[PDB]
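> Sharing an experimental structure here, sequence included.
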Amino acid sequence: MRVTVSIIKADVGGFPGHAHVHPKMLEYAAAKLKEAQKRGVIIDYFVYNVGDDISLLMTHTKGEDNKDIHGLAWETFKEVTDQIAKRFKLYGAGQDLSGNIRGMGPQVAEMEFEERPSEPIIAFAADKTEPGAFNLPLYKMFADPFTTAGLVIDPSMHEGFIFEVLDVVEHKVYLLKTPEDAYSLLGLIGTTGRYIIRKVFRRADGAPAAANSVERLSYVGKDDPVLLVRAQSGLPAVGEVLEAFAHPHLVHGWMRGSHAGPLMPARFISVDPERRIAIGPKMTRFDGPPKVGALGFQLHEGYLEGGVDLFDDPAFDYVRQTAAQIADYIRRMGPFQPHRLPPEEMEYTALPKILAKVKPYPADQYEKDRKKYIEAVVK
Amino acid sequence: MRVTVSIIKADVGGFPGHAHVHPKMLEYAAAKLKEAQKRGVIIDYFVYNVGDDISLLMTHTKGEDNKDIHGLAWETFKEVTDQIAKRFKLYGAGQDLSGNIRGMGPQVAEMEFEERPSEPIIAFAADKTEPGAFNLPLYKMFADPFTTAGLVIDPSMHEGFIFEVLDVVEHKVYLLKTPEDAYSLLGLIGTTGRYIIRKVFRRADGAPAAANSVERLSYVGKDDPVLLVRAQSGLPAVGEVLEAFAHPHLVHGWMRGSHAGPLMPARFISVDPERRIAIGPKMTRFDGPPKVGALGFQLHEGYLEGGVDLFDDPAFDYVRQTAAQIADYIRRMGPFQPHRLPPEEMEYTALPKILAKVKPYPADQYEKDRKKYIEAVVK
Amino acid sequence: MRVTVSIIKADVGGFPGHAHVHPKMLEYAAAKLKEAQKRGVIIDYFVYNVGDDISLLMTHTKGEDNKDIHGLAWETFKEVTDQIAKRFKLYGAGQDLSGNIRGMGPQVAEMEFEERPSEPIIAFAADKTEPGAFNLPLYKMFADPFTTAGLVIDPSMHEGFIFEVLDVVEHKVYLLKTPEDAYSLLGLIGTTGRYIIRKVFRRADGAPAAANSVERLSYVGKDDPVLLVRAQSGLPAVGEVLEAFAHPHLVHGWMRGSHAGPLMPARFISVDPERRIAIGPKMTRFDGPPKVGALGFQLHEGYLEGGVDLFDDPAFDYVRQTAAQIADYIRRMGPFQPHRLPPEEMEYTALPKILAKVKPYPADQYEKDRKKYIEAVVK
Amino acid sequence: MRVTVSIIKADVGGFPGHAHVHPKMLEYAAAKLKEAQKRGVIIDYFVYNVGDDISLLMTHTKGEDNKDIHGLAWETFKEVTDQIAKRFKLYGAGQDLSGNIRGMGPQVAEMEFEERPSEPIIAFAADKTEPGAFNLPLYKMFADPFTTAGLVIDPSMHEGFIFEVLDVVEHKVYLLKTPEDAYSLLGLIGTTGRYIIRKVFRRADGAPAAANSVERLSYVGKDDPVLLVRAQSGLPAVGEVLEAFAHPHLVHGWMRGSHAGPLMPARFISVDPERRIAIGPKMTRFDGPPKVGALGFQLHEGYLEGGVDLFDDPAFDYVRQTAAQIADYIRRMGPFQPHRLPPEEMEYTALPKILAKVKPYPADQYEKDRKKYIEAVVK
Amino acid sequence: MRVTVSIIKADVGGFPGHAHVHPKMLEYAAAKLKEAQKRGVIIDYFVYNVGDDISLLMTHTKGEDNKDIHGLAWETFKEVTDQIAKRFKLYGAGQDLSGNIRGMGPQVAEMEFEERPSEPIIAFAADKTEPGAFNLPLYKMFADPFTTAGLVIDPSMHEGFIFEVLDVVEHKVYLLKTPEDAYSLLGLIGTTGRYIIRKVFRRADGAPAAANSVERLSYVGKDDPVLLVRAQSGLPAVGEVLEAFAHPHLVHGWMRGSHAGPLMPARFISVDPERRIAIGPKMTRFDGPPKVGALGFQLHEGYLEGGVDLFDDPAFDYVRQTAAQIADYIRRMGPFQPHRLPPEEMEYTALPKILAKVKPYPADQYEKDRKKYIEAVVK
Ligand SMILES: [Mg+2]
Ligand SMILES: [Mg+2]
Ligand SMILES: [Mg+2]
Ligand SMILES: [Mg+2]
Ligand SMILES: [Mg+2]
Ligand SMILES: [Mg+2]
Ligand SMILES: [Mg+2]
Ligand SMILES: [Mg+2]
Ligand SMILES: [Mg+2]
Ligand SMILES: [Mg+2]
């Protein structure tokens, strides 16, 4: 049978600040999805947060961009907002909020496909970063032979992959195929705030392999992303997917959406497959560092067996210790690029307030008058 | 009394991919063994996984290579397969599957002996590696005086040990005795994919000291191993056995059965001696690194008191941190030997697909024509 | 009121080997002491293990070297032996076993004193070492001004301490007073297997400050020790006591009682003040490394409020990581002094078996005949 | 003008063992090349060693595979052999020794081209490894966009490169073009002892970009390699070339040509551009670890201005410290794969001597007779 | 031809203390040996120190234990003593001082053999330790297959080696053969202050492979040692010899000859093969740590070409950093075993002075009187 897997994510209030979510928020969402499952709107679900973002993972048979599924997520987030976030005066209460949810603030990643005889999938959620944070891991798991050994040693993968790249500034899509287009592809997606991988397909048969949440920029579009990846059987192994996160690379976001810091692959605090709820990590120093969580599932008839925390291994403790030490190094740069983002990439700026108060001197005339201008400041 | 201890292990489905097992699989197996114990087929049992492999440890008085015990394991794995693995469409569902189970895919390690006045034993399980992963630890605990201090300072151990070595390619057995044969022995078992220690005996009296699961190659034979070791009282102390795993040496296996990486001695996630179930670690980056778990028991009248996780000590955290850092170093080699295995040792290859598409030039004629062949590629 | 605090410790069976104790052993002991408390034999108790040693801590008003208290401990250990250790065929079952228990194998540390208006005490237990393991920490906490800042900045401590030193070989006691006798004292207790601190008293008033379990050598006397220390109020602060364990110094013991390795200050696995039971750490690589646990109490009318695990702090994680790395370094020496102990200090040896089989040559005559003796070995 | 740059390298004696060369060897060679330059046989030269291998770098206008240039190198190595190596009884004296030198033992890497308006080149020499040691760095600098940023951001490099791959076992050449053929290429050159990059050309114009010394296997062919690379101006920058050595990856060779260990990028002990002599590093522990040296030049009219030691930077000290720590880790595996090489890849073996002395048992019959065979060894 | 290589070493004065030698001492010795070579007493020589010990290496054809060679060394050391050490009042001036020099204080290691077609040898010198410091490296390079890969993969080495072991207390020699006698051998040489390897021979042909300086104890015998090892060609490779020093194991010696600390493999400060002089490292913190230097040579007609500093490699910098960190760890134990040596192994003691001043109490009577003895100390 054909199944759709959809992640719809929003931040409708943090606890405290942007550090975490209130646990009653997850419990409310899970109860609401349980009711929807009872009415047959969806087949199955899982609810979790990383930081201050709640991801609603849902399986169903309504296809991509379905108004009922996008509305079910909208109503669940509006109800959490009124019943819990506003009640407790959470920070940023209801702030991510017919009939497509895309472009309103919440993030969506969805794929529809024929359910394979084994259907392993991984759901990722990152907090304190932008969709282009997943550019480097998506490139690596689908096109770097130092990450995905299948590209070289699995004859089923030799033909490579098709990347759908969205220019979020001019609203243009590019289709690039690896291996042959890898340098062109990199020329684009290296600019992570502009050219973002939105979907990946297998080149042999066109099968959907990943979907990243990304929307054109309009302030919406740099919101914290969610990502679905299918694995095995001509698609990267679960371990090759996870290998692409094993270097905690610098991403854009972190405090005030205006800095660069390492993406730490974090464990969940708890995973309860019966209650269908996982509680992800907090954001602390400098509102981060940015973190990504990974929950694995196996699908059957659309039922989600999982989730399984796939960064829960001593091997990833090395990678978390690297990210903790790189976060401390980079923070000693304070307000300066490239720790602070380029001026047109920062979410926060006071540059207009500054340039309104500080007097400029045309530089040619300034040369003749420097001595008197300094004497004036001195006196 | 004489008792047989048998480990029969299989992978009948992973969760997700090859990362872990579904916990209902262990619970089903334990219930089935509880029923068998009720009917007197076995005396006692313990069920656990490391990675995606479930080990059924059973004590009984039916001897080695018993059809009823091997059939009890087959039926338990077939029932887990139909009731759970196929139901949830687990990855590799039922894939390791009259009347000897050996050579069908599952792995068996068994020993029969007179139960000593104290009978401490350790059961090991490794995932993402081959039986020859245990060649270096078995050599060390029975024959390296830098590991087992008893060989030098315990007069009961001075005569050494007999190693039964199986050539899994030509199906030939060798018996070598240490100390005198140590260099010949190493000449063989250094080639870990060909010459594998299958059993070890005490030289003083011929008493069985260890049994490793290994079968001739036929695709079966490189499956993830299980190992039983008896300890103390003329056999290495429990700590000398565990010392032989304290260097996380490179083993063959890891992603796609085609790479080398460090064997990490891991803790179990949980050990429940009442329910007779332990849940072992997951495999994550690059489908590993490979890991080994160690559960200790004391036998009485064949009853298994335990298990006790014997890598659960801060001292082994150093060894796990070494393996995490060596896994990161070696992975930066990507597709190249010796991180990727020698071509006849890899489980995965696309070499036939490559050599079918890429044109060869006999090297002597190529010398005269190089300039035109390059001009042709250029134009 | 005057109270006696007594620790009586024994190993009556390990689980498996010498790695740990069976939890039913602790539960049996605690039930037996609960019954004794009901009959008024003792006031209060706490039962715990470190490694394979069970410590019975008891408060009562019967004084030091009391036959009823020493018999209560003997009967509790004999009952654990018959009901549990022999039943489960534990390793070394009942092996540490009228009317003084001292010198029979179990270890005793006891102090009687007037209960102070606040009476904080710490109970330590070490496994895989000898009583002289506590020589360096006892010296430091009572006489090193780099450990105990009170010796310099607390005028109540300026007069120092009296150390009672037992020569366990010739059965002689020495009383030495610090600061003035510190070099003589060190001349003795630096030889940790011969001269051991048994008790410490405050010099101002003669008040008992510590008691270490140590008996003359007879094979008994090197058994794993237990230690009581009173703190505060003219005695070292609780933190100065714990500071004296913050360097994980090399001790004698570890595998086969015949090696030197670092004393790791370990956490307890669990502390249950209501059930009056703590479960200490396991011994793993090479049957260790040696470890010490520390449980704090406050006494009131002899009741023991606690215990509190006093090595449970991230600051001691540094000290545990140092001990894990020093255990790995030293183990690469294998069979050689000074990792292996001096020949008269080792618990295990095969030297008589060796010297019975290997031919000696008087060294003067050997010089003339070397060439023919080598030609003979060669031919 | 057109110029040929040739490196001809040989080991004609070590000092001591295979650790280093005698400095008079370099001085003799440099004097002999000075004489040849005087007669116009060559334009310029530089003489250096890494370990026990002496590289003669020569520029001239006689083209590739020239008998006079190959004979000049042969006569220089034969003269060093008779005058110095045999005189001092150096180890392996004259052992690498009409009219092509290729396949006789010495290694040759040569390129002819039109000298560019700036012509920067780098000469590498590795000791204790095989030509396929340079497979991973050559792939990285010409085809990995994580190494060579020019592939993505330099439009002159976007078309990629042509790799000439020699199968040294069946004597077949393959031409593969990146980016499109990168997975096929890796499928071959990952097997470093069989498929070795011999030359690289620019795809835009066919210009020679690198040449590695490699010959078919015949015992000759695994000898320690030398490599020339041209840089800049549509070819990788000097820093991109050096970046491809910044991970000290495991190579085959080291002790007895039979182990795997990390390739350390080493400094030269001294570089004397006036005397035209550099003295490279020694090989010490375990006859290594394997090391590579890098000398940069700028060519003018064929004159060699340099050399410049291009691993002489604190940034490469990190990479040398990584290789020193990985050499210590891997050496603790001793005689076992994958530290010891696969049996058909090792230069040293005693397997025939072993199999001549150790009795085999056909494995089927052995099963019935195990008990008596063990009783026989025991008795 | 047959050649003898002799090292005769002495400390005839330190500069300052025991830290180093005065450079004029080496220059005087080298001039005196140059004169002896002129008269044909010796063929060749090299003079060097490690710490405060000067080694005279000499080749000649007078055989082992030659009065003229031993007298030439005695006269050179007596002349250095009178002309330089006494003149400058060096510390320990002339203190190591017919007709065998052995047993008078200086140390001798010598071997005579037929000079092979290549004859590589290594001379070692250790300061601040005892001859048994070389027990662990000599065992490893001749009998541990984790050090010397030739024992397994070189059929010329398969028969192993003969160790001549001197009991320096009872003056008895033992001959033990590896592999078969390795556990007996270790049972002895693990006790490094009693059983010391004096010579090693090849078992195939009886050829001398190493000689360590060691004399019976009489105070003489624990003096800082010197060691000659021949390498290659059925004897361990130069790198296998050096691998046996790559773990900086704890040795006895260091301050006052009474402590244990790590043996650091050190570089020489300078090596001048023309002047025939090397200046070794200093001893600093705590008069060490103990250090060993290694100089390689190649012999021709008895001429010594070298020396070459064979610990001069970044790979050994890791090993020196390990020894520096282990020296800091162990020194925090201060006066306690096992950092301080066992009482009968220390060169320094004040135990008689202590036991003369501190009053003993027979331990049985002390029990009754403890309270009054403490009251007496208190009052
Ligand atoms: Mg927020
Ligand atoms: Mg967020
Ligand atoms: Mg599997
Ligand atoms: Mg598995
Ligand atoms: Mg015990
Ligand atoms: Mg114990
Ligand atoms: Mg050589
Ligand atoms: Mg070489
Ligand atoms: Mg001196
Ligand atoms: Mg000295």
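In hand now; what should we look at? Numbering: from 1, shown residues only, chains lettered A, B, ... in the order given. Ligands and ions are numbered 1, 2, ... in the order given.
> Just want to check the distance between residue A:292 and chain D.
20 Å (CB to the nearest CB, to the nearest Å). C-beta here means a position set from N, CA and C on the backbone, and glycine is covered the same way.
> name the element that residue belongs to?
strand A:291-300 (DSSP states H and E).
> Following element in sequence after that strand, please.
strand A:303-309.
> can you state the direction angle for that next one and strand A:291-300?
Per axes from the mean of the first three to the mean of the last three CA atoms, to 10 degrees, the angle that strand A:303-309 makes with strand A:291-300 is 150 degrees.
> quick one, helices of the stretch 51-200 of chain A?
A:67-80, A:135-143, A:150-153, A:182-189 (DSSP state H, counting those that start in this stretch).
> export those to a markdown table and tack on mean neighbour count and distance to residue E:7?
Below are the helices of the stretch 51-200 of chain A laid out as a markdown table (neighbours: other CB atoms under 10 Å in any protein chain shown; distance: least, CB to CB, whole Å):
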| stretch | mean neighbour count | distance to residue E:7 |
| --- | --- | --- |
| helix A:67-80 | 20 | 83 |
| helix A:135-143 | 26 | 58 |
| helix A:150-153 | 28 | 56 |
| helix A:182-189 | 22 | 62 |
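> Switch the ones you listed over to CSV; also include distance to ligand 1.
Formatted as CSV, those follow (distance: least, CB to the ion, whole Å):
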stretch, distance to ligand 1
helix A:67-80, 13
helix A:135-143, 23
helix A:150-153, 38
helix A:182-189, 26
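> Distance check, residue A:354 against residue A:343.
11 Å (CB to CB, to the nearest Å).
> same question, residue A:300
Counting by CB to CB - residue A:300 and residue A:343 are separated by 50 Å.
> Which one's more surrounded, those two?
residue A:300 (18 against 10; other CB atoms under 10 Å in any protein chain shown).
> and that one, what does it touch?
Shown in contact with residue A:300 (CB atoms under 8 Å, 6 or more residues apart in numbering or on different chains): A:115, A:119, B:87, B:88, B:89.
> related to what we said a few turns ago, ok, the strand holding residue A:292 near ligand 3 or not?
No - using CB under 5 Å from the ion, strand A:291-300 stays clear of ligand 3, with a minimum separation of 12.3 Å.
> Can you show me the CA trace of the helix ranked longest in chain A as CSV?
Ranked by number of residues, the top helix in chain A under DSSP state H is helix A:314-331. C-alpha atoms of helix A:314-331 as CSV (Å, rounded to 0.1, in the frame of the first residue of the first chain):
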residue,chain,number,x,y,z
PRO,A,314,29.1,6.1,23.3
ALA,A,315,30.5,6.7,19.8
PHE,A,316,28.4,9.8,19.6
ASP,A,317,29.6,11.0,23.0
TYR,A,318,32.9,11.8,21.3
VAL,A,319,31.0,13.9,18.7
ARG,A,320,29.0,15.7,21.5
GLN,A,321,32.3,16.4,23.4
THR,A,322,33.8,17.8,20.1
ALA,A,323,30.7,20.1,19.8
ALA,A,324,30.9,21.2,23.4
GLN,A,325,34.6,22.2,23.0
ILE,A,326,34.0,23.9,19.6
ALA,A,327,31.0,25.9,21.1
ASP,A,328,33.4,27.1,23.9
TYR,A,329,36.1,28.1,21.4
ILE,A,330,33.9,30.0,19.0
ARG,A,331,32.0,31.8,21.8
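> now whichever helix or strand comes after that helix, how far from the centre of its chain.
As assigned by DSSP H and E, the chain's next helix or strand after helix A:314-331 is helix A:351-357. In terms of CA atoms, centre = their mean, to the nearest Å, the centre of helix A:351-357 is found 33 Å from the chain centre.
> Next, count neighbours for the residue of the stretch 101-250 of chain A found nearest ligand 7.
Relative to ligand 7, the nearest point of the stretch 101-250 of chain A is residue A:146 (33.3 Å; CB to the ion). A count of nearby residues for residue A:146, using other CB under 10 Å, gives 22.
> my guess is it meets residue B:330, correct?
No - Residue A:146 lies out of contact with residue B:330 (CB atoms under 8 Å); the separation is 11.4 Å.
> quick one on the thing from earlier: ok, which of the helices of the stretch 51-200 of chain A comes nearest ligand 3?
The nearest among the helices of the stretch 51-200 of chain A, by CB to the ion, is helix A:150-153 at 15.4 Å.
> Leaving out chain neighbours, which residue sits closest to the residue positioned nearest the centre of chain A?
Compute the mean C-alpha point of chain A, and by CA atoms, centre = their mean the closest residue is residue A:225, 2.1 Å away. Spatial nearest neighbour of residue A:225, excluding adjacent residues (CB to CB, 6 or more residues apart in numbering or on different chains): residue A:131 at 4.3 Å.
> buried sites along stretch A:226-236?
Across stretch A:226-236, burial judged by 16 or more other CB atoms under 10 Å in any protein chain shown covers A:226, A:227, A:228, A:229, A:230, A:231, A:232, A:233, A:234, A:235, A:236.
> Up against chain D, what does the stretch 51-200 of chain A have?
Within the stretch 51-200 of chain A, the residues that sit near chain D (CB under 8 Å from any CB of the partner chain) are A:144-146, A:151-153, A:158, A:160, A:179-184, A:186-187, A:190.
> give me the number of residues near residue A:126?
Using other CB under 10 Å, residue A:126 has 30 neighbouring residues.
> Kindly apply the preceding question to residue A:117 instead.
Based on other CB under 10 Å, the number of other residues close to residue A:117 is 9.
> How about residue A:359?
When neighbours are defined as other CB under 10 Å, residue A:359 has 6 of them.
> How about the secondary structure of it?
Following DSSP: H, G, I helix; E, B strand; the rest coil, residue A:359 is assigned to coil.
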